[PDB]
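As structure tokens, the structure follows; a few thoughts come after it.
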2 protein chains.
Amino acid sequence: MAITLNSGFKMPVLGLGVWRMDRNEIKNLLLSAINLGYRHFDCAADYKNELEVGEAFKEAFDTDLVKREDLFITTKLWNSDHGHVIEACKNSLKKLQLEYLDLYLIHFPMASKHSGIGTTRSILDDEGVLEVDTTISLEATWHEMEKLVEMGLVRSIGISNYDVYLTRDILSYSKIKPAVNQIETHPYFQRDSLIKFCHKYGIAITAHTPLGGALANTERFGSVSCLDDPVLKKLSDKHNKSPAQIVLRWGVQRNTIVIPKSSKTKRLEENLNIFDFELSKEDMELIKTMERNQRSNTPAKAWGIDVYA
Amino acid sequence: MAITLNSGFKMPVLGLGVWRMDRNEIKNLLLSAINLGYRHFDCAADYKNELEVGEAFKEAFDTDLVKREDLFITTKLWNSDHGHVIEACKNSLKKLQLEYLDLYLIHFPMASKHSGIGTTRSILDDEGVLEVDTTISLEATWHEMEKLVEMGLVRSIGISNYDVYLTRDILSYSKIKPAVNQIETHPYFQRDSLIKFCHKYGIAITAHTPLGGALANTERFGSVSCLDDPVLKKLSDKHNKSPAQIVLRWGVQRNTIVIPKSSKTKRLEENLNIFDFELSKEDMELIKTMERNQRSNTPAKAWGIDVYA
Ligand SMILES: NC(=O)c1ccc[n+]([C@@H]2O[C@H](COP(=O)([O-])OP(=O)(O)OC[C@H]3O[C@@H](n4cnc5c(N)ncnc54)[C@H](OP(=O)(O)O)[C@@H]3O)[C@@H](O)[C@H]2O)c1
Ligand SMILES: NC(=O)c1ccc[n+]([C@@H]2O[C@H](COP(=O)([O-])OP(=O)(O)OC[C@H]3O[C@@H](n4cnc5c(N)ncnc54)[C@H](OP(=O)(O)O)[C@@H]3O)[C@@H](O)[C@H]2O)c1
Ligand SMILES: O=C(O)[C@@H](O)[C@@H](O)[C@H](O)[C@H](O)CO
Ligand SMILES: O=C(O)[C@@H](O)[C@@H](O)[C@H](O)[C@H](O)CO
């Protein structure tokens, strides 16, 4: 299934994220994911694997595995390129070997010191604090995103990690409304108010970190993984589905788009196999009690600034 | 003691906040405060007591208790007036019986449905959710705030409850940089990153809720008051000062402006008597341990939207 964006284009509700994929394995993983049925792929300039992603799509086309118009390809403008939107998008297209993108997102409501087109970096000052750019407004960046649509380079444009305040602001100054807000949300960070605000104004929600980040975010950020929660194990036993599949199905039934990442082809197939069962209202109501309002993914340590302060 | 704003004007580091002051008591409390030595007063249109504040100040001037030029008067633009900035400012001036304001703040990075000049309100829809405005950008509101300086109605302009992302944005689009960001901060919500960021770009920090809200915010918001903390008990015994005085002195030594509210004249005296001692480096490091990153004041219930979601 798929959600129709306010741009008119349909966006598959289950995609594959490629952050932290082993760069020597992305080609095999993406070709295997496409073969299994994945059509939506979530990329980013600052994941620094767009080239390998592009090689995978090219081989999938060359071997008749899929056609370009059957894929929904997202990438993202990094913080260091808020003043170079046209060049950054064209560079993403070059690395991905694509003529157009289905979706292009402002990765964060943060601009930092430009580090060169094709070479995105979060530059720290000599005190270990992000060199924040205080010259380029989010609105100025957005009006350049709007030109990408007018030039035919991007079908739909949107935002990532915008809260209620920033989303209200872009709704006020945009000429083309954002099609998507990609935010962290999962059973421990359910964020009902922000999802409901975005939906009220026709903005679709993509749930990044849709599993809660599992072991990867426990190690990297110290977050608690929801996947061994007793609520999910009861539902897992009842539906004969894994806790991860319960969580992804839950995200789908909340009318969100979910983009789990796995480096294991066995889990690629598992995460995609969530359309042969359903969660009841009571099941959904149980998962609601899991809410902790606890963010897992924060760039505070990497940037030397707690942007959520 | 005062901080020199980037506008050139001096703003006293201790002021009196008037939110939740009963209208039958404000005028006596303000005249008491002025007699004690208070010169900085934090008001807002939406506190619904500007008229009584102006009456107190008028009597203070008419009886030669103080002169207007030695007072620092702040008031704030309510969310309902982001599209009526100049008219809302002139209305505040008329209720306060002033020719100019020392400081005028955007109260929140939120615009909601207009409710009339001099009659600010947070209009809710039939489901209890704020009627959010999505036509007036924060930048548009700021450029009207900048006119108030040129018109001589306002000496210094600023913002309130802007986080790192919103502060970076206004630093980008402003022509007159904000002089003040008035944010919640106190020993249980120290927000080092946001204060550091604002200070880096010459924005003064006013700490609202500087005591942590005490018992009033426990009742209204469910927060834990820091005034019973074992650390402040030991520092109180050390300095023969109250936990509250310790907390306010801590705010001053963080180079912030602190605006505690009390409805009790003895506490008015107590809160102003914080310039006769100093906290040692070790004292401030002990207060640093109290950090729990826990916001007390939130409009979530009033607006039916968790804006911090
Ligand atoms: N816009 C943003 O700021 C932002 C932020 C964060 C993430 N994202 C995007 O969202 C995507 C997903 O987020 P994420 O990768 O951070 O976290 P996630 O998808 O919530 O979880 C990924 C972790 O879960 C494990 N996992 C995956 N499938 C599993 C299954 N069926 N059973 C058990 N464990 C499983 C993975 O391990 P294995 O790989 O070993 O299988 C990996 O460690 C990213 O790849 C990225 O595209 C965007
Ligand atoms: N911009 C914004 O969004 C925003 C938000 C919140 C507050 N503000 C401003 O900041 C001001 C201060 O914030 P606030 O009033 O909410 O909270 P606060 O000043 O941190 O604390 C006020 C509470 O502390 C008590 N108190 C005062 N002095 C005391 C002492 N020496 N010992 C023990 N308790 C004491 C008061 O009780 P009694 O009155 O009974 O003495 C009152 O209940 C407000 O008045 C308002 O002007 C602005
Ligand atoms: O997955 C994401 O988009 C986020 O986690 C980014 O902050 C990401 O960590 C950076 O682009 C990595 O450099
Ligand atoms: O003190 C403040 O400025 C805040 O607490 C406001 O949210 C306040 O609660 C409202 O303006 C009161 O109507």
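We name chains A, B, ... following the order of the structure tokens; residues begin at 1 in each chain, and ligands are numbered from 1 as shown.
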
**OP:** Could you tell me, as a PyMOL selection string, which residues of segment 44-230 of chain B DSSP assigns to strand (DSSP E or B) when given the backbone?
**Re:** chain B and resi 72-77+101-106+112+124+130+132+154-160+180-184+186+189+204-208

**OP:** Report the residues of segment 1-62 of chain A whose backbone DSSP state falls under alpha helix (DSSP H), written as a list in words.
**Re:** residues 26, 27, 28, 29, 30, 31, 32, 33, 34, 35, 36, 50, 51, 52, 53, 54, 55, 56, 57, 58, 59, 60, 61 and 62 of chain A

Written file, previous selection with N, CA and C atoms, as a CSV table (one decimal), in the first residue's frame:
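The resulting file, result-v3.csv, is reproduced below:
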```
chain,number,residue,atom,x,y,z
A,26,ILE,N,26.1,-2.4,0.2
A,26,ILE,CA,24.8,-1.8,-0.2
A,26,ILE,C,24.3,-2.3,-1.5
A,27,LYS,N,25.3,-2.5,-2.4
A,27,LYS,CA,24.8,-3.0,-3.8
A,27,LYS,C,24.1,-4.3,-3.7
A,28,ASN,N,24.7,-5.3,-3.0
A,28,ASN,CA,24.0,-6.5,-2.8
A,28,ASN,C,22.7,-6.4,-2.0
A,29,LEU,N,22.7,-5.5,-1.0
A,29,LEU,CA,21.5,-5.4,-0.1
A,29,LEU,C,20.4,-4.7,-0.9
A,30,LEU,N,20.7,-3.6,-1.7
A,30,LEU,CA,19.7,-2.9,-2.4
A,30,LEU,C,19.1,-3.8,-3.5
A,31,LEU,N,20.0,-4.5,-4.3
A,31,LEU,CA,19.5,-5.4,-5.3
A,31,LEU,C,18.6,-6.5,-4.7
A,32,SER,N,19.0,-7.0,-3.5
A,32,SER,CA,18.2,-8.1,-2.9
A,32,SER,C,16.9,-7.5,-2.4
A,33,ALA,N,16.9,-6.2,-1.9
A,33,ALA,CA,15.7,-5.6,-1.4
A,33,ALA,C,14.7,-5.4,-2.5
A,34,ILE,N,15.2,-4.8,-3.7
A,34,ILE,CA,14.4,-4.6,-4.8
A,34,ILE,C,13.8,-5.9,-5.3
A,35,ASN,N,14.6,-7.0,-5.4
A,35,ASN,CA,14.1,-8.3,-5.8
A,35,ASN,C,12.9,-8.8,-4.9
A,36,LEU,N,13.1,-8.5,-3.6
A,36,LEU,CA,12.1,-9.0,-2.6
A,36,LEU,C,10.8,-8.2,-2.7
A,50,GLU,N,25.6,7.4,-1.7
A,50,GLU,CA,24.8,7.7,-2.8
A,50,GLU,C,25.4,7.0,-4.1
A,51,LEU,N,26.7,7.1,-4.2
A,51,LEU,CA,27.3,6.4,-5.4
A,51,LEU,C,27.0,4.9,-5.4
A,52,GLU,N,27.2,4.2,-4.3
A,52,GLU,CA,26.9,2.8,-4.3
A,52,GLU,C,25.4,2.5,-4.5
A,53,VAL,N,24.6,3.4,-3.9
A,53,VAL,CA,23.2,3.3,-4.1
A,53,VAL,C,22.9,3.4,-5.6
A,54,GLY,N,23.4,4.4,-6.3
A,54,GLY,CA,23.2,4.6,-7.7
A,54,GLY,C,23.7,3.4,-8.5
A,55,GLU,N,24.8,2.8,-8.1
A,55,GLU,CA,25.2,1.6,-8.9
A,55,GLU,C,24.3,0.5,-8.7
A,56,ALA,N,23.6,0.3,-7.6
A,56,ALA,CA,22.6,-0.7,-7.4
A,56,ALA,C,21.4,-0.5,-8.3
A,57,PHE,N,20.9,0.7,-8.3
A,57,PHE,CA,19.7,1.0,-9.1
A,57,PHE,C,20.0,0.8,-10.6
A,58,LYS,N,21.2,1.2,-11.0
A,58,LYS,CA,21.6,1.0,-12.4
A,58,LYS,C,21.6,-0.4,-12.8
A,59,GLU,N,22.1,-1.3,-11.9
A,59,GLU,CA,22.2,-2.7,-12.2
A,59,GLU,C,20.8,-3.3,-12.2
A,60,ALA,N,19.9,-2.9,-11.2
A,60,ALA,CA,18.6,-3.4,-11.2
A,60,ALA,C,17.8,-3.0,-12.5
A,61,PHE,N,18.1,-1.8,-13.0
A,61,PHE,CA,17.5,-1.5,-14.3
A,61,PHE,C,18.0,-2.3,-15.4
A,62,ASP,N,19.4,-2.4,-15.5
A,62,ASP,CA,20.0,-3.1,-16.5
A,62,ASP,C,19.7,-4.6,-16.6
```

So that each row is one residue of chain B with an atom at most 8 Å from chain A, can you give its shortest atom pair and the distance in Å to one decimal, using only C-alpha atoms, rows by chain and rising number, as JSON lines?
```
{"residue": "B:109", "atom": "CA", "partner": "A:165", "partner_atom": "CA", "distance": 6.3}
{"residue": "B:110", "atom": "CA", "partner": "A:165", "partner_atom": "CA", "distance": 6.4}
{"residue": "B:132", "atom": "CA", "partner": "A:168", "partner_atom": "CA", "distance": 8.0}
{"residue": "B:133", "atom": "CA", "partner": "A:168", "partner_atom": "CA", "distance": 7.7}
{"residue": "B:134", "atom": "CA", "partner": "A:172", "partner_atom": "CA", "distance": 4.6}
{"residue": "B:135", "atom": "CA", "partner": "A:172", "partner_atom": "CA", "distance": 4.3}
{"residue": "B:136", "atom": "CA", "partner": "A:172", "partner_atom": "CA", "distance": 5.4}
{"residue": "B:137", "atom": "CA", "partner": "A:172", "partner_atom": "CA", "distance": 5.1}
{"residue": "B:138", "atom": "CA", "partner": "A:169", "partner_atom": "CA", "distance": 6.5}
{"residue": "B:163", "atom": "CA", "partner": "A:309", "partner_atom": "CA", "distance": 7.2}
{"residue": "B:164", "atom": "CA", "partner": "A:307", "partner_atom": "CA", "distance": 5.7}
{"residue": "B:165", "atom": "CA", "partner": "A:109", "partner_atom": "CA", "distance": 6.3}
{"residue": "B:166", "atom": "CA", "partner": "A:166", "partner_atom": "CA", "distance": 7.6}
{"residue": "B:168", "atom": "CA", "partner": "A:134", "partner_atom": "CA", "distance": 5.8}
{"residue": "B:169", "atom": "CA", "partner": "A:137", "partner_atom": "CA", "distance": 5.3}
{"residue": "B:170", "atom": "CA", "partner": "A:137", "partner_atom": "CA", "distance": 7.6}
{"residue": "B:171", "atom": "CA", "partner": "A:134", "partner_atom": "CA", "distance": 5.6}
{"residue": "B:172", "atom": "CA", "partner": "A:135", "partner_atom": "CA", "distance": 4.4}
{"residue": "B:173", "atom": "CA", "partner": "A:137", "partner_atom": "CA", "distance": 5.9}
{"residue": "B:191", "atom": "CA", "partner": "A:309", "partner_atom": "CA", "distance": 5.2}
{"residue": "B:192", "atom": "CA", "partner": "A:309", "partner_atom": "CA", "distance": 7.5}
{"residue": "B:193", "atom": "CA", "partner": "A:306", "partner_atom": "CA", "distance": 5.6}
{"residue": "B:194", "atom": "CA", "partner": "A:309", "partner_atom": "CA", "distance": 6.0}
{"residue": "B:293", "atom": "CA", "partner": "A:309", "partner_atom": "CA", "distance": 7.8}
{"residue": "B:305", "atom": "CA", "partner": "A:193", "partner_atom": "CA", "distance": 5.6}
{"residue": "B:306", "atom": "CA", "partner": "A:193", "partner_atom": "CA", "distance": 5.6}
{"residue": "B:307", "atom": "CA", "partner": "A:164", "partner_atom": "CA", "distance": 5.6}
{"residue": "B:308", "atom": "CA", "partner": "A:163", "partner_atom": "CA", "distance": 7.5}
{"residue": "B:309", "atom": "CA", "partner": "A:191", "partner_atom": "CA", "distance": 5.3}
```

Subject >> Within 10 Å of residue 151 of chain A using only C-alpha atoms, minus same-chain residues under 4 positions, as a list in words >> reply: residues 86, 100, 146, 147 and 155 of chain A

May I have the residues from that selection written out with N, CA and C atoms, as an mmCIF file, in the first residue's frame?
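Listing of again27.cif after writing:
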```
data_model
loop_
_atom_site.group_PDB
_atom_site.id
_atom_site.type_symbol
_atom_site.label_atom_id
_atom_site.label_comp_id
_atom_site.auth_asym_id
_atom_site.auth_seq_id
_atom_site.Cartn_x
_atom_site.Cartn_y
_atom_site.Cartn_z
ATOM 1 N N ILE A 86 20.369 24.030 -5.267
ATOM 2 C CA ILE A 86 20.329 23.535 -6.643
ATOM 3 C C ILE A 86 21.550 22.666 -6.930
ATOM 4 N N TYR A 100 15.700 12.368 -12.087
ATOM 5 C CA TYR A 100 14.829 13.061 -11.153
ATOM 6 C C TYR A 100 14.817 12.295 -9.841
ATOM 7 N N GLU A 146 11.732 24.736 -3.813
ATOM 8 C CA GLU A 146 10.593 24.904 -4.709
ATOM 9 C C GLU A 146 11.037 25.028 -6.165
ATOM 10 N N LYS A 147 12.201 25.635 -6.420
ATOM 11 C CA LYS A 147 12.691 25.719 -7.794
ATOM 12 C C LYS A 147 13.049 24.348 -8.363
ATOM 13 N N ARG A 155 10.143 15.573 -7.885
ATOM 14 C CA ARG A 155 8.686 15.504 -7.972
ATOM 15 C C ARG A 155 8.015 16.122 -6.754
#
```

**OP:** Rounded to one decimal place, report the atom CA of residue 13 of chain A-atom CA of residue 206 of chain A distance in Å.
**Re:** 8.3 Å

Original post:
Within 12 Å of residue 4 of chain B, counting only C-alpha atoms, which residues qualify if same-chain residues fewer than 2 places away don't, as a PyMOL selection string?
Top reply: chain B and resi 1-2+6-13+156+179-180+202-205+255-257

Subject >> Within 8 Å of ligand 4, counting only C-alpha atoms and all ligand atoms, residues as a ChimeraX atom specification >> reply: /B:19-20,44-48,78,107,121-122,208,297-299

File dump, residues just selected, N, CA, C and O atoms, as an mmCIF file, in the first residue's frame:
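Wrote selection14.cif, looks like this:
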```cif
data_model
loop_
_atom_site.group_PDB
_atom_site.id
_atom_site.type_symbol
_atom_site.label_atom_id
_atom_site.label_comp_id
_atom_site.auth_asym_id
_atom_site.auth_seq_id
_atom_site.Cartn_x
_atom_site.Cartn_y
_atom_site.Cartn_z
ATOM 1 N N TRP B 19 3.027 37.365 35.980
ATOM 2 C CA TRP B 19 2.075 36.319 35.622
ATOM 3 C C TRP B 19 1.479 35.712 36.888
ATOM 4 O O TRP B 19 2.195 35.444 37.856
ATOM 5 N N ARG B 20 0.151 35.549 36.892
ATOM 6 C CA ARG B 20 -0.639 34.951 37.969
ATOM 7 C C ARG B 20 -0.725 35.835 39.207
ATOM 8 O O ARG B 20 -1.129 35.360 40.276
ATOM 9 N N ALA B 44 2.998 40.956 30.193
ATOM 10 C CA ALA B 44 2.571 40.424 28.909
ATOM 11 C C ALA B 44 1.125 40.826 28.702
ATOM 12 O O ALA B 44 0.348 40.891 29.656
ATOM 13 N N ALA B 45 0.766 41.076 27.442
ATOM 14 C CA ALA B 45 -0.635 41.332 27.129
ATOM 15 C C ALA B 45 -1.529 40.205 27.635
ATOM 16 O O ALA B 45 -2.588 40.453 28.220
ATOM 17 N N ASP B 46 -1.097 38.963 27.449
ATOM 18 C CA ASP B 46 -1.921 37.810 27.773
ATOM 19 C C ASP B 46 -1.948 37.470 29.260
ATOM 20 O O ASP B 46 -2.631 36.510 29.639
ATOM 21 N N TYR B 47 -1.225 38.208 30.108
ATOM 22 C CA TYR B 47 -1.407 38.034 31.541
ATOM 23 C C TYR B 47 -2.658 38.743 32.041
ATOM 24 O O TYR B 47 -3.043 38.540 33.197
ATOM 25 N N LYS B 48 -3.287 39.564 31.191
ATOM 26 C CA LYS B 48 -4.591 40.179 31.426
ATOM 27 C C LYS B 48 -4.577 41.192 32.563
ATOM 28 O O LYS B 48 -5.633 41.502 33.126
ATOM 29 N N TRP B 78 1.118 38.636 22.058
ATOM 30 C CA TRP B 78 0.529 37.309 22.176
ATOM 31 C C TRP B 78 0.424 36.631 20.808
ATOM 32 O O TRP B 78 0.417 37.279 19.755
ATOM 33 N N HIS B 107 5.953 36.491 22.222
ATOM 34 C CA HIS B 107 5.732 35.669 23.416
ATOM 35 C C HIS B 107 6.061 34.202 23.159
ATOM 36 O O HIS B 107 6.677 33.543 24.008
ATOM 37 N N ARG B 121 -6.322 35.917 23.281
ATOM 38 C CA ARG B 121 -6.928 34.651 23.654
ATOM 39 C C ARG B 121 -6.293 33.570 22.799
ATOM 40 O O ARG B 121 -5.766 33.841 21.717
ATOM 41 N N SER B 122 -6.342 32.342 23.300
ATOM 42 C CA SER B 122 -5.922 31.167 22.541
ATOM 43 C C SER B 122 -7.193 30.428 22.136
ATOM 44 O O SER B 122 -7.685 29.555 22.860
ATOM 45 N N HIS B 208 12.890 32.931 32.451
ATOM 46 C CA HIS B 208 11.599 32.889 33.117
ATOM 47 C C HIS B 208 11.484 31.581 33.892
ATOM 48 O O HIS B 208 12.283 30.657 33.724
ATOM 49 N N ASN B 297 7.144 24.514 32.747
ATOM 50 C CA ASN B 297 6.040 25.244 32.142
ATOM 51 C C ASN B 297 5.834 24.742 30.716
ATOM 52 O O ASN B 297 6.744 24.822 29.888
ATOM 53 N N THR B 298 4.635 24.246 30.425
ATOM 54 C CA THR B 298 4.261 23.892 29.069
ATOM 55 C C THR B 298 2.817 24.275 28.792
ATOM 56 O O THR B 298 1.937 24.030 29.628
ATOM 57 N N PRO B 299 2.552 24.871 27.628
ATOM 58 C CA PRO B 299 1.183 25.228 27.256
ATOM 59 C C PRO B 299 0.383 24.092 26.639
ATOM 60 O O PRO B 299 -0.695 24.352 26.093
#
```

**OP:** Write out as a PyMOL selection string each polymer residue whose atoms come within 12 Å of residue 235 of chain B, counting only C-alpha atoms; drop sequence neighbours fewer than 3 positions from it.
**Re:** chain B and resi 227-232+238-247+249-250+277-280+282-287

N, CA and C atoms of the current selection, written as a PDB file, in the first residue's frame:
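again-v5.pdb, written as the output of this step:
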```pdb
ATOM      1  N   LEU B 227      13.302  23.747  45.068  1.00  0.00           N
ATOM      2  CA  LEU B 227      13.659  24.490  46.273  1.00  0.00           C
ATOM      3  C   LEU B 227      13.889  23.590  47.483  1.00  0.00           C
ATOM      4  N   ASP B 228      13.427  22.339  47.443  1.00  0.00           N
ATOM      5  CA  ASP B 228      13.662  21.375  48.511  1.00  0.00           C
ATOM      6  C   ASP B 228      14.901  20.518  48.284  1.00  0.00           C
ATOM      7  N   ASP B 229      15.659  20.768  47.218  1.00  0.00           N
ATOM      8  CA  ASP B 229      16.746  19.875  46.838  1.00  0.00           C
ATOM      9  C   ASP B 229      17.825  19.854  47.915  1.00  0.00           C
ATOM     10  N   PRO B 230      18.378  18.677  48.236  1.00  0.00           N
ATOM     11  CA  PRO B 230      19.431  18.608  49.269  1.00  0.00           C
ATOM     12  C   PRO B 230      20.641  19.484  48.980  1.00  0.00           C
ATOM     13  N   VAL B 231      20.965  19.723  47.706  1.00  0.00           N
ATOM     14  CA  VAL B 231      22.108  20.572  47.370  1.00  0.00           C
ATOM     15  C   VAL B 231      21.873  22.003  47.840  1.00  0.00           C
ATOM     16  N   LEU B 232      20.665  22.530  47.611  1.00  0.00           N
ATOM     17  CA  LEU B 232      20.362  23.904  47.996  1.00  0.00           C
ATOM     18  C   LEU B 232      20.218  24.041  49.501  1.00  0.00           C
ATOM     19  N   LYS B 238      25.239  27.127  54.233  1.00  0.00           N
ATOM     20  CA  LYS B 238      26.573  27.689  54.051  1.00  0.00           C
ATOM     21  C   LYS B 238      26.530  29.211  53.971  1.00  0.00           C
ATOM     22  N   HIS B 239      25.563  29.755  53.241  1.00  0.00           N
ATOM     23  CA  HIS B 239      25.527  31.178  52.941  1.00  0.00           C
ATOM     24  C   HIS B 239      24.556  31.942  53.823  1.00  0.00           C
ATOM     25  N   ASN B 240      23.813  31.240  54.677  1.00  0.00           N
ATOM     26  CA  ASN B 240      22.723  31.833  55.442  1.00  0.00           C
ATOM     27  C   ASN B 240      21.825  32.644  54.506  1.00  0.00           C
ATOM     28  N   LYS B 241      21.455  31.997  53.400  1.00  0.00           N
ATOM     29  CA  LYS B 241      20.518  32.509  52.414  1.00  0.00           C
ATOM     30  C   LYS B 241      19.500  31.419  52.114  1.00  0.00           C
ATOM     31  N   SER B 242      18.330  31.827  51.634  1.00  0.00           N
ATOM     32  CA  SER B 242      17.314  30.823  51.365  1.00  0.00           C
ATOM     33  C   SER B 242      17.636  30.054  50.085  1.00  0.00           C
ATOM     34  N   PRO B 243      17.129  28.819  49.952  1.00  0.00           N
ATOM     35  CA  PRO B 243      17.258  28.111  48.662  1.00  0.00           C
ATOM     36  C   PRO B 243      16.867  28.970  47.475  1.00  0.00           C
ATOM     37  N   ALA B 244      15.782  29.740  47.606  1.00  0.00           N
ATOM     38  CA  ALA B 244      15.351  30.630  46.532  1.00  0.00           C
ATOM     39  C   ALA B 244      16.417  31.674  46.218  1.00  0.00           C
ATOM     40  N   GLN B 245      16.996  32.294  47.253  1.00  0.00           N
ATOM     41  CA  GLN B 245      18.046  33.281  47.018  1.00  0.00           C
ATOM     42  C   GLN B 245      19.260  32.644  46.348  1.00  0.00           C
ATOM     43  N   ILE B 246      19.613  31.423  46.764  1.00  0.00           N
ATOM     44  CA  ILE B 246      20.705  30.689  46.125  1.00  0.00           C
ATOM     45  C   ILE B 246      20.412  30.499  44.644  1.00  0.00           C
ATOM     46  N   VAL B 247      19.180  30.095  44.333  1.00  0.00           N
ATOM     47  CA  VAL B 247      18.804  29.797  42.954  1.00  0.00           C
ATOM     48  C   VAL B 247      18.847  31.056  42.098  1.00  0.00           C
ATOM     49  N   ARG B 249      20.686  33.819  42.752  1.00  0.00           N
ATOM     50  CA  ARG B 249      22.085  34.207  42.626  1.00  0.00           C
ATOM     51  C   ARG B 249      22.795  33.344  41.590  1.00  0.00           C
ATOM     52  N   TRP B 250      22.473  32.049  41.559  1.00  0.00           N
ATOM     53  CA  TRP B 250      23.014  31.160  40.535  1.00  0.00           C
ATOM     54  C   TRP B 250      22.666  31.661  39.136  1.00  0.00           C
ATOM     55  N   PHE B 277      26.127  38.520  48.483  1.00  0.00           N
ATOM     56  CA  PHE B 277      26.929  37.313  48.609  1.00  0.00           C
ATOM     57  C   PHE B 277      27.274  36.821  47.212  1.00  0.00           C
ATOM     58  N   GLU B 278      28.141  35.813  47.155  1.00  0.00           N
ATOM     59  CA  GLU B 278      28.484  35.188  45.889  1.00  0.00           C
ATOM     60  C   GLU B 278      28.654  33.691  46.085  1.00  0.00           C
ATOM     61  N   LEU B 279      28.250  32.936  45.072  1.00  0.00           N
ATOM     62  CA  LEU B 279      28.474  31.500  45.056  1.00  0.00           C
ATOM     63  C   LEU B 279      29.878  31.210  44.540  1.00  0.00           C
ATOM     64  N   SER B 280      30.580  30.309  45.223  1.00  0.00           N
ATOM     65  CA  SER B 280      31.913  29.922  44.793  1.00  0.00           C
ATOM     66  C   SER B 280      31.836  29.049  43.543  1.00  0.00           C
ATOM     67  N   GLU B 282      32.910  26.084  43.369  1.00  0.00           N
ATOM     68  CA  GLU B 282      32.445  24.779  43.825  1.00  0.00           C
ATOM     69  C   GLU B 282      30.945  24.789  44.081  1.00  0.00           C
ATOM     70  N   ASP B 283      30.419  25.893  44.623  1.00  0.00           N
ATOM     71  CA  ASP B 283      28.971  26.017  44.777  1.00  0.00           C
ATOM     72  C   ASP B 283      28.265  25.875  43.434  1.00  0.00           C
ATOM     73  N   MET B 284      28.757  26.572  42.408  1.00  0.00           N
ATOM     74  CA  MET B 284      28.102  26.477  41.108  1.00  0.00           C
ATOM     75  C   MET B 284      28.243  25.091  40.490  1.00  0.00           C
ATOM     76  N   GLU B 285      29.363  24.405  40.733  1.00  0.00           N
ATOM     77  CA  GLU B 285      29.451  23.043  40.220  1.00  0.00           C
ATOM     78  C   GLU B 285      28.504  22.101  40.954  1.00  0.00           C
ATOM     79  N   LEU B 286      28.230  22.351  42.240  1.00  0.00           N
ATOM     80  CA  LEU B 286      27.232  21.541  42.935  1.00  0.00           C
ATOM     81  C   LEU B 286      25.835  21.785  42.368  1.00  0.00           C
ATOM     82  N   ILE B 287      25.498  23.041  42.066  1.00  0.00           N
ATOM     83  CA  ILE B 287      24.201  23.303  41.449  1.00  0.00           C
ATOM     84  C   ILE B 287      24.139  22.687  40.060  1.00  0.00           C
TER      85      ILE B 287
END
```

**OP:** For residue 91 of chain B, please output as a list in words all residues within 10 Å (counting only C-alpha atoms; exclusion window: fewer than 6 positions along the same chain).
**Re:**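 Those residues are residues 45, 50, 85, 97, 117, 118 and 119 of chain B.
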
Residues just named, written with N, CA, C and O atoms as a tab-separated table (two decimals), in the first residue's frame:
```
chain	number	residue	atom	x	y	z
B	45	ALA	N	0.77	41.08	27.44
B	45	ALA	CA	-0.64	41.33	27.13
B	45	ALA	C	-1.53	40.21	27.63
B	45	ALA	O	-2.59	40.45	28.22
B	50	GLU	N	-2.28	44.17	32.31
B	50	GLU	CA	-1.54	45.36	31.89
B	50	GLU	C	-2.19	46.64	32.42
B	50	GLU	O	-1.49	47.59	32.79
B	85	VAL	N	0.95	43.32	14.64
B	85	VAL	CA	2.03	43.59	15.59
B	85	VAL	C	1.99	45.03	16.09
B	85	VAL	O	1.97	45.29	17.30
B	97	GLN	N	-0.15	52.78	29.92
B	97	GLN	CA	-0.05	54.24	30.01
B	97	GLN	C	1.38	54.73	29.78
B	97	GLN	O	1.85	55.67	30.43
B	117	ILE	N	-7.82	43.18	19.15
B	117	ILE	CA	-6.77	43.98	19.77
B	117	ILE	C	-7.15	44.32	21.20
B	117	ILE	O	-8.25	44.84	21.46
B	118	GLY	N	-6.25	44.04	22.13
B	118	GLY	CA	-6.52	44.24	23.53
B	118	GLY	C	-7.31	43.13	24.18
B	118	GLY	O	-7.65	43.25	25.36
B	119	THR	N	-7.60	42.07	23.44
B	119	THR	CA	-8.39	40.95	23.93
B	119	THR	C	-7.75	39.65	23.46
B	119	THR	O	-8.33	38.85	22.73
```

Original post:
How many Å lie between atom 21 (O, counted along the ligand's line) of ligand 1 and atom CA of residue 157 of chain A, rounded to one decimal?
Top reply: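 Atom CA of residue 157 of chain A lies at a distance of 24.3 Å from atom 21 (O, counted along the ligand's line) of ligand 1.
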
Subject >> Nearest residue to ligand 1 from the set A:14, A:148, A:5, A:21 (distances using only C-alpha atoms and all ligand atoms) >> reply: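 Comparing A:14, A:148, A:5, A:21 against ligand 1, the winner is A:21.
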